Amino acid sequence: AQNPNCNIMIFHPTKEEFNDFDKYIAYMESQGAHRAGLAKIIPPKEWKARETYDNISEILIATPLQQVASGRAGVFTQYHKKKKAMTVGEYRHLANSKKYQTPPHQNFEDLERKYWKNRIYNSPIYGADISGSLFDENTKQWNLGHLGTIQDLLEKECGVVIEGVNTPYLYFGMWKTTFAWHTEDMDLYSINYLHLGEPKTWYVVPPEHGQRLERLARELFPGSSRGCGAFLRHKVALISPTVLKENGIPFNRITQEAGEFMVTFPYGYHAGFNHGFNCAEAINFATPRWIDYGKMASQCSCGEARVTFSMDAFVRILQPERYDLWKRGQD
Ligand SMILES: O=C(O)CNC(=O)C(=O)O
Ligand SMILES: [Mg+2]
Ligand code: NI
Ligand SMILES: [Zn+2]
């Protein structure tokens with residue numbers, strides 16, 4: 001078995017190898033990359049996502065989210081308070097203000113220490129989940145707005161035609177902005193490109209050990225666990241690496257820098273934080289290997305998780321027994 005310790009693997013495709021996206025994902029899996037739950041892909045040196053980022057400031061962040069924490073430094077939840085709209089140029093200025101900017105630090109490890117010590121005492125503002133793309137239309141390789149759609153994959157594998165669309169999302173971050181522990185909708189893959197700015201640190205649990213993380217989360221968030229049998233679908237819970245290590249949960253960590261892709265694999269729990277002002281683009285995708293994970297994915301039916309239009313068909317076809325209850329949660 002390849003990669004039996006479930007380490008995060010880093011790949012350096014050549015420009016020739018960067019042509020066929022599906023083929024390269026299958027290659028990485030042949031080497032055991034999925035066992036970690038997360039992989040880094042450094043694009044060939046010839047490749048670019050677009051010519052410059054000089055003209056992005058007029059993008060609108062319609063609903064910036066202030067991420068307010070509750071709990072203790074290593075075990076907390078966050079809720080999202082909606083803020084008034086602002087442009088990316090306004091948000092960048094905010095991120096660089098004395099109240100919100102990255103503190104002085106020695107290196108990524110020192111910054112990580114400061115994040116876990118101090119996150120809860122601040123409420124950073126995250127320009128998350130913005131439909132759109134920063135890939136130039138002429139970028140033909142690994143253009144996250146030109147991927148094969150999940151609906152087309154389901155149709156190719158299973159023969160059933162379904163409604164729905166699959167488009168990317170932009171994330172504008174600042175120091176301490178945080179993504180809570182989660183897997184993707186329907187335990188899909190994700191791919192994330194860091195277009196510009198400061199780094200993003202990731203934590204990940206191998207898919208084969210995801211239920212260990214879920215059992216710890218039930219213990220640490222006991223009222224949330226009584227409320228919902230899949231409350232990590234709410235995307236609000238944080239658990240630090242120190243707490244994971246104290247409880248024997250297998251995980252790994254890595255820092256993504258501008259110009260790099262990350263892939264999350266089906267049922268790979270992940271969480272993390274931004275180092276400073278940045279912009280990422282991410283989208284879900286599927287492969288034939290996903291189908292079995294989609295059929296087995298947990299679902300929130302308490303009503304809190306509320307997701308896209310396109311998830312309806314995935315539940316209806318892959319999980320017909322669950323469909324009725326899940327849809328009640330959606331409506
Ligand atoms: O970048 C973020 O805030 C969150 N991204 C992801 O969870 C992902 O790409 O799967
Ligand atoms: Mg603009
Ligand atoms: Ni994700
Ligand atoms: Zn729920």
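Just so you know, residue 1 is the first one in the sequence shown, and it goes up from there. Note that ligands are numbered from 1 as they come in the structure, with each ligand's atoms numbered from 1 the same way.
Rounding to 10°, one obtains 110° for the angle at the Zn ion (ligand 4) between SG (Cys300) and SG (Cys302). One finds an angle of 110° at the Zn ion (ligand 4) between NE2 on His234 and SG on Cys228, to the nearest 10 degrees.
Ring to ring, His80 and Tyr126 are not that close: their centroids are 6.0 angstrom or more apart.
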- Walk me through it: do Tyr100 and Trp175 pass the test ring pair (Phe, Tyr, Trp, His ring centres under 6.0 Å)? CA-CA 7 Å; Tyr100 292 105; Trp175 171 232; over 10 Å; no

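One distance of note links CE of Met186 with CE of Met311; it measures 5.5 Å at 0.5 Å rounding. To the nearest 0.5 Å, atom CZ of residue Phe265 and atom CH2 of residue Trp290 are 16.0 Å apart.
If you look at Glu184 and ask which of its N, O or S atoms sits nearest the Ni ion (ligand 3), the answer is OE2. Closest to the Ni ion (ligand 3) among the N, O or S atoms of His270 is NE2.
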